[PDB]
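Next up is one chain by itself, shown in structure tokens, the form deposited in one PDB entry.
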């Protein structure tokens, strides 16, 4: 129960096309693997502290990153703080993910499968 900090309106991550939510892991590596070497997506995980994740298809291998939410902040591997998930995404969207993971060098290019209605 964070005391002092309040929240009037939180950013809706489920409004973006690159939003996946609580999809099926296997489904992620099944749809991503097929996608191109630039398909990224953001999924959520059943946890109090870590309730966010990011999966991007790069190097013929689907990588799954974990998000940490502490002190009303959102970041990964405590390498860089961001006002919120949105920021963290917009950051890599242009800056390669090498900074956090050398082995991984890419930037959110295209979204995931996408919500196909109809």
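Positions refer to the first chain, counted from 1.
The same protein also exists as the form solved in complex with a partner chain; that form is not shown, yet it is the one meant from here on.
Student: Ok, 89, 74, 31, 53: which has a heavy atom sitting within 4.5 Å of the partner chain in the deposited bound form?
Tutor: By the 4.5 Å heavy-atom cutoff, the listed residue in contact is 53.
Student: Using heavy atoms and a 4.5 Å limit, would one call residue 35 a contact residue for the partner chain in the deposited bound form?
Tutor: Contact check for residue 35: no, nothing within 4.5 Å of the partner chain in the deposited bound form.
Student: Indicate whether the partner chain has at least one heavy atom within 4.5 Å of a heavy atom of residue 66 in the deposited bound form.
Tutor: Residue-level check for residue 66: yes, a contact with the partner chain.
Student: Does any heavy atom of residue 104 come within 4.5 Å of a heavy atom of the partner chain in the deposited bound form?
Tutor: Output for residue 104 is yes: heavy atoms within 4.5 Å of the partner chain.
Student: According to a 4.5 angstroms non-hydrogen atom cut-off, is residue 45 in contact with the partner chain in the deposited bound form?
Tutor: Answer yes; at least one heavy atom of residue 45 falls within 4.5 Å of the partner chain in the deposited bound form.
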